[PDB]
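Subsequent text provides structure tokens for two forms of one protein chain, presented individually as structure 1 and structure 2.
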Structure 1
């Protein structure tokens, strides 16, 4: 008998700084007795809750990198077989860090190249759903901002304004604010 997978979520976010209280919510599509959180390569659950509900909440206090990593949730009913769990939830990747890995900043190839032509820039990380910010040396305010689902943002510069030294970052779209290390400078 097939038992559809529960869903696993993180409050306030899946990317947080150390010391933040994280609530992990596991929602099954039907009520269950026991919910279990599992890390990779672990047969027994890391944490479990006996709730008689569709919802189980796992409170991860003042998080450290010990609380980070890949999580899967499973639910079970006592009438099922000895080691029978439901289908596992999709992985919830919890990232506990003070600063995000530095992105890369490149000039994208164009159909027509030369001085005074429009320049397309790519600020690329390895994390999805981030907000990218483009800066230019000598300009206090960011030039362009872009929120992306994909792990990159493209910024188009107009030819007449294109020359200069550029850097980029990315950060979390909501609280807590976690910022990446500055990208290596790019000279146009």
Structure 2
């Protein structure tokens, strides 16, 4: 009956070649844990650790091995063909590089929005002629507003975003933004 939990390691956003592990946890004991893609005929079968913990090892993933995965569990007792409520879809992204963000000045301090289209990324902002990152924050939301002080603000700037932990996936650097005097 009630739906299980499906999570991924070491991250839900990975570069290609990374070994991914899907872990499904049932809120009650089960015999089988099916992995459900959209586009597949029959589900694929997790490997049981316990009656409430199963694992699916994704060996050295590829881009097409990304998409929307769901987990359902079942007992033989329920009868043929019937599964639990499907787990929330775990969205797995496999890319070598992430879509580049935009860097823009927003509507005397000055704020700069580096914006991508992906959540839970770390956003970094660079000034030209300055090696180390100027600023960076983690953002749940797919954008980061960097505030600059008016009197040290003019200069050239770029940004990129990236996942928070290794194995890193990095966005292509954004186009350059110039702040004039």
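Each form is matched to the other, and the largest set of C-alpha atoms that superpose within 1.5 Å is called the rigid core. Numbering follows the first chain given and starts at 1.
Tell me, which of 27, 122, 146, 49 is the one whose C-alpha shifts by at least 2 Å between structures 1 and 2, with the rigid core superposed? If I go through the list carefully, the shifting residue is 49.
Once the two forms are fit on the core, has residue 101 moved its CA by at least 2 Å between structures 1 and 2? Residue 101 C-alpha, core-superposed: shift of less than 2 Å.
What Cα shift, in Å, does residue 82 show between structures 1 and 2 once the core is superposed? With the rigid core fitted, the alpha carbon of residue 82 is displaced 3.3 Å between structures 1 and 2.
By how many angstrom is the CA atom of residue 172 displaced between structures 1 and 2 after fitting on the core? Its C-alpha moves by 0.8 Å once the cores are overlaid.
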